[PDB]
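Residue numbers (full-length UniProt numbering), protein chains in the order written: chain Y, 13 to 56, 61 to 96; chain C, 61 to 178; chain D, 74 to 221; chain X, 30 to 66, 77 to 196; chain U, 10 to 51; chain S, 47 to 251; chain R, 35 to 41, 47 to 134, 146 to 196; chain B, 18 to 157; chain H, 66 to 102.
Here a beta-carbon is modelled for each residue, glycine too, at the ideal position from N, C-alpha and C.
See below for the structure under consideration.
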Amino acid sequence: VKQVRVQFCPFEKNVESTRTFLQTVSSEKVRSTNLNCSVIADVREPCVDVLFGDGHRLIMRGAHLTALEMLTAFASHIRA
Amino acid sequence: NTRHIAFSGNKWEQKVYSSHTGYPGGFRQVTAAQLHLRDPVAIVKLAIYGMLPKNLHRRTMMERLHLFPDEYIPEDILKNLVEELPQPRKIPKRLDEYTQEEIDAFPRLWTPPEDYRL
Amino acid sequence: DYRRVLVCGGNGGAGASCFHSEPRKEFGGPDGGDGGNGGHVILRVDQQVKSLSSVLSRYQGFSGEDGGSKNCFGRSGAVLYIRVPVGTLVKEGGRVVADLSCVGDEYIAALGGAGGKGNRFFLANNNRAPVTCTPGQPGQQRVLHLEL
Amino acid sequence: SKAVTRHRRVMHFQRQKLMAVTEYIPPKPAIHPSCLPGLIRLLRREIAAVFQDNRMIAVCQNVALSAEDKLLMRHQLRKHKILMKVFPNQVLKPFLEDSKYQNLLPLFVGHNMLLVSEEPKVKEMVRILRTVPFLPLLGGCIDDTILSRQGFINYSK
Amino acid sequence: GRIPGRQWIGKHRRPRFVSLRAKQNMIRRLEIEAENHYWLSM
Amino acid sequence: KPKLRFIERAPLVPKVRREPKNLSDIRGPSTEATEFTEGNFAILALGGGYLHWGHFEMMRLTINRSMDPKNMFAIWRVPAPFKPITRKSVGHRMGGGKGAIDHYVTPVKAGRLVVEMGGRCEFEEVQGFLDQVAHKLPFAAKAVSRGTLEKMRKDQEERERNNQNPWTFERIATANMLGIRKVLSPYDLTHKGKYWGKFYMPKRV
Amino acid sequence: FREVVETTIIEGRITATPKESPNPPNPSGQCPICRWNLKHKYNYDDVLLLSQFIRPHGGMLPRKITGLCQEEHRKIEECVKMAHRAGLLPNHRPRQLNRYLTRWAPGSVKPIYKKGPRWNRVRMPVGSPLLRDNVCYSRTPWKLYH
Amino acid sequence: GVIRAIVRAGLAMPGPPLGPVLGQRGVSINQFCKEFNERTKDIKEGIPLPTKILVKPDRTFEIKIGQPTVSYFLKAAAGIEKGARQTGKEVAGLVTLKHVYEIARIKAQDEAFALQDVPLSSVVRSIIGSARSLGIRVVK
Amino acid sequence: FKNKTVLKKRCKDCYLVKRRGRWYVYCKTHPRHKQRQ
RNA sequence: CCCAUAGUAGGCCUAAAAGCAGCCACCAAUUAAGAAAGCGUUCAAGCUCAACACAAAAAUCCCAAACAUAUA
RNA sequence: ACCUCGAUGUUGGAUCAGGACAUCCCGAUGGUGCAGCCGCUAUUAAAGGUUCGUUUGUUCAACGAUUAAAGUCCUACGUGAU
Ligand SMILES: [Mg+2]
Ligand SMILES: [Mg+2]
Ligand SMILES: [Mg+2]
Ligand SMILES: [Mg+2]
Ligand SMILES: [Zn+2]
Ligand SMILES: [Zn+2]
């Protein structure tokens with residue numbers, strides 16, 4: 013993992029999937045071992065971007081997705 | 061079509077046919093599935109044999125029993141046939157067999173939540 | 074380097090106490106066979122062995138079979154051998170019970186209890202129908218510490 | 030054999046039949062019944088008082104922080120008069136309708152941590168948040184005026 | 010699978026089991042005798 | 047003395063006269079020590095049986111080891127082994143008279159409380175080792191509190207009152223319906239069909 | 035029903056979802072089975088009923104989502120296992147002996163080499179005990195063991 | 018990683034309580050005790066002092082220190098060298114509420130200890146509870 | 066595997082699974098805990 | 001499933017036993033975490049937990065054949 | 001003390017062995033205080049094999065030398081109209 017960006021619009025209709033996602037994964041409890049990552053939370061239908069500086073960019077429209085689905089997809093991509 | 065018989069339950073794996081060749085160590089116990097694979101007629105033949113009366117007429121009766129694993133039957137036997145007995149078990153239909161009309165006729169039982177992966 | 078080992082010698086079998094009876098001799102006399110001795114535990118020195126990693130912390134010398142009927146004896150417990158490095162001091166309570174430095178050296182740690190006698194053993198002209206059957210002696214059970 | 034035995038003695042067939050006939054029979058409860066049809080008030084009063092005591096309110100998700108980091112953030116906030124608060128959503132959801140905050144319903148879900156105050160040090164608070172590129176500022180409502188994050192930024196500037 | 014000794018008499022006997030038919034027979038007799046009790050009660 | 051007292055193997059003064067093996071002392075429901083006394087928890091005997099000094103030592107050691115002396119206290123609700131059991135010299139043919147007193151034992155009937163625990167402690171804090179001891183015991187035993195005992199009893203009356211079977215063992219036996227008294231014991235009239243030998247059938251109404 | 039589609048960029052879309060048929064025979068029932076008066080009137084071969092609680096690949100759906108009772112969920116799961124083993128759901132598969151009413155998985159039952167004596171015979175289970183309370187249209191109760 | 022020690026300022030090299038415990042991570046004992054003695058000179062001498070050393074992965078020392086202990090401080094304030102045995106009935110020294118307040122004045126000031134509660138009650142109650150657990154009675 | 070009539074999880078990672086007709090206690094951290102019914 | 005700052009390594013005891021070798025007490029902060037419920041520690045350090053939040057086997061060869069659902 | 005006392009002594013050995021598996025070896029696996037080799041322990045497996053001598057009726061046992069092993073038993077303590 014190289015970079016991650018989480019964006020959501022609770023001012024608009026709320027979407028708890030991305031909120032739980034950033035509460036769980038974007039925590040130093042994980043970053044302590046995943047120090048390589050650089051997290052940013054630019055908040056304003062939502063969107064979670066993950067930049068792998070090797071060759072990859074992963075975009076998650078976590079509107080209809082749930083925290084479990086997006087975490088599993090993130091883990092699978094991390095495994096690569 | 062004796063090859064296509066169906067056992068209720070796990071009899072295919074549990075039912076065991078025991079025979080003994082007579083020689084020491086000649087006790088052979090073969091499961092129903094193995095016996096069916098070896099001979100596609102032994103299961104029905106043995107069932108009829110065990111249901112027939114245990115007297116000297118049993119094998120004369122068995123001489124009148126003609127078992128064929130598949131749809132093919134000899135021409136002479138086919139010409140001999142007189143009546144066809146109804147199958148004792150009505151074969152349940154599969155979903156692939158159910159007509160769309162029957163599917164529509166059967167009511168939907170529950171309202172699945174819209175936000176579910178399924 | 075250093076290992077605390079619990080060697081337990083075998084237990085001799087307890088002799089049987091039965092009496093013979095056959096068609097034309099009803100009072101055939103004692104048939105109590107003697108029990109086999111317990112197998113000793115002997116630390117034999119090994120040149121190939123260089124560290125006490127191999128030796129276990131619990132050794133149980135095999136116990137001898139009990140005496141049977143028809144005067145049948147009991148198979149004595151087989152000897153249990155603990156291969157040890159050359160130059161192994163064996164100490165019970167700081168006693169240095171053994172040195173075990175030379176090749177081929179061996180020290181009997183726990184002697185297997187001797188087997189119990191049967192009634193036929195006590196059979197004699199004076200005693201024409203003994204009922205005694207000495208119980209098999211218990212085997213030694215001691216904690217030996219091994220230091221290179 | 031004796032009347033009392035270490036094993037379960039074999040009953041006379043008549044006695045066995047008697048036992049079988051006299052076995053217990055439970056009733057059938059008609060159609061299956063299943064298939065048939077002060078800390079709480081302490082929190083209530085505390086939140087009621089706080090909603091009037093506070094003049095500006097914001098909420099964040101300080102759950103990605105460790106014990107020591109959260110403690111440091113608490114000390115930095117206490118450097119100002121701003122007080123951080125935590126309360127169950129289970130009891131906060133009624134509070135929104137109680138205090139007439141309909142627009143605040145889709146804001147308090149999951150870990151929510153309030154930042155009540157009367158003097159905005161939001162400039163320095165956002166500066167502190169900046170070096171930690173996470174823990175985004177969430178929407179709030181100052182003096183009955185719902186402010187989005189852009190509104191908070193404008194108010195800060 | 011053999012039963013030691015003689016069936017139905019020893020400590021170890023053939024297990025005997027009550028059939029629904031036997032239970033029904035016993036219940037029928039019990040009903041007849043309950044009616045007998047009633048008719049003897051007066 | 048919040049600890050379970052030591053039980054002697056045999057009475058200091060033994061019984062010179064050998065007495066018969068009256069198995070009625072094991073047969074049937076227990077009529078003594080059937081209710082809690084200065085305690086909350088206990089081991090209930092769901093079947094008749096004889097308790098040896100070996101069982102007594104097992105119970106004492108286990109309970110004393112696994113209970114808190116300062117809070118939990120234990121008390122024996124069964125007398126020390128008193129009934130003498132005689133064993134003939136091994137290998138001797140039948141006859142020659144009753145053998146000598148080999149051991150001492152204590153009878154226990156179904157429904158009897160064997161050990162009673164008490165003190166500032168809830169039921170689950172004791173269920174573990176009391177149930178282990180119950181399984182160790184020679185008869186079907188159960189770790190029962192006052193509440194659990196009352197609950198199971200009340201359930202027994204509920205079963206008796208709501209059972210839909212028109213025919214009950216008590217009714218048939220007392221009325222001698224099918225001549226079944228030719229097959230029943232006179233004690234069955236009072237055991238109501240719930241006891242067979244030394245075994246007690248709680249499931250049966 | 036939401037489905038996840040990839041392109047990497049992945050997103051979820053909610054598609055058309057079926058609805059319960061109007062006018063349940065017994066409204067205000069705990070489970071759908073009771074609502075539609077099917078408490079003891081469905082068997083392993085009632086695929087039309089069973090498939091309504093089945094993932095597209097054959098797995099059962101959770102009780103929380105289905106709304107079934109505990110016992111009804113267990114019955115449906117067992118009936119579905121039996122139907123799958125009987126081959127009545129050819130389209131609900133993960134990606146030759148004919149059977150039916152198979153309680154156990156075929157690969158987990160050992161042959162009965164030594165059936166016991168008459169009083170202790172080892173019987174071969176048939177059907178499931180969970181369906182013991184089904185409607186009985188026969189004079190004799192159906193045997194769960196053969 | 019953080020390593021917690023309660024070493025006495027008077028004796029900077031007791032031995033076992035610092036050598037083996039700190040050597041697992043890899044340390045310079047000479048530098049450690051030199052800094053400890055520097056802090057000992059900075060503060061009163063001959064008093065236990067909690068430490069908040071954090072062994073960085075770069076093999077560097079960041080020693081953080083605060084107020085002396087609470088147990089020994091209370092014992093000295095009460096004129097006690099060894100604490101009471103029972104501590105529920107036994108008592109050796111009595112400390113007044115005014116004295117407790119005075120000592121608390123210089124207590125809620127350390128960062129590592131996190132004793133930064135604005136209200137005086139939160140600190141006075143805590144120290145009172147500590148004294149009660151100790152064999153010290155609270156006068157009036 | 067050790068054959069046990071009653072299967073008990075020994076550590077946190079021990080898990081019960083019914084495979085090939087019988088219950089098993091499987092354990093990754095301490096494969097010593099492997100039990101079979 | 002989540003998650004764990006801390007008066008302090010509460011005192012005596014002990015070379016030292018710090019929630020956890022033993023004895024006395026068991027209060028106390030922060031919205032919240034027992035002077036600790038179990039592991040682990042020579043002692044520490046670390047792991048979680050309670051918190052906050054969200055049944056069976058023996059010896060010649062198993063032993064009727066089978067059957068789940070048409071009305072009492 | 002239930003069959004056999006109106007011609008079956010018995011124990012060992014020889015010969016031939018049938019059978020069980022609660023497996024001694026050979027086969028396949030799990031655990032291990034399993035680094036490897038030796039091992040220990042447990043599951044599965046009975047197709048095949050499981051020595052020769054000294055003393056002594058002796059089965060057994062001790063001892064000598066081996067073996068991959070020198071298995072526990074039942075078979076009228078298998079078999080003596082062989
Ligand atoms: Mg017989
Ligand atoms: Mg007689
Ligand atoms: Mg085996
Ligand atoms: Mg015999
Ligand atoms: Zn229902
Ligand atoms: Zn484990």
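Residue burial classification, residue i (beta-carbon count within 10 angstroms, cutoff 16)
i, result
"D/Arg193", "buried"
"X/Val39", "buried"
"X/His114", "exposed"
"R/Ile162", "buried"
"X/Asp92", "exposed"
"C/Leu145", "exposed"
"residue 253 of chain S", "Chain S is shown from 47 up to 251; residue 253 of chain S falls before or after that span and cannot be answered."
Residue i: CB within 7 Å of a non-hydrogen atom of ligand 1
i, result
"U/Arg23", "no"
"U/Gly14", "yes"
Closer than 7 Å: residue i CB and nearest ligand 6 heavy atom
i, result
"H/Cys76", "yes"
"Y/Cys21", "no"
For residue j and residue i, the rounded distance between their alpha carbons
i, j, result
"X/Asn193", "B/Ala131", "35 Å"
"S/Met118", "D/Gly186", "46 Å"
"U/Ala43", "R/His196", "38 Å"
"residue 158 of chain B", "Y/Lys41", "The requested residue 158 of chain B does not occur in the structure, where chain B is confined to residues 18 to 157."
"D/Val114", "D/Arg77", "15 Å"
"S/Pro184", "S/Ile218", "33 Å"
"S/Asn209", "X/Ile54", "5 Å"
"B/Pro33", "B/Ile60", "24 Å"
"R/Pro156", "H/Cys79", "27 Å"
"S/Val59", "S/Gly100", "20 Å"
"X/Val148", "Y/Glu28", "7 Å"
"Y/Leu47", "B/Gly27", "41 Å"
"R/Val119", "R/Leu89", "6 Å"
Beta carbon of residue i nearer than 8 Å to that of residue j
i, j, result
"D/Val163", "D/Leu219", "yes"
"B/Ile46", "B/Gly36", "yes"
"R/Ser158", "X/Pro66", "no"
"R/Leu127", "C/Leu155", "yes"
"R/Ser178", "R/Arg153", "yes"
"Y/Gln19", "Y/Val55", "yes"
"D/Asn110", "D/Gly150", "yes"
"R/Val172", "R/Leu151", "no"
Sheet register partners of residue i (DSSP bridge)
i, result
"R/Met121", "BP columns for R/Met121 are empty, so no partner."
"S/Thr152", "S/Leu97"
"B/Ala22", "B/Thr68"
Closer than 7 Å: residue i CB and nearest ligand 5 heavy atom
i, result
"R/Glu111", "yes"
"X/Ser63", "yes"
"R/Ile104", "no"
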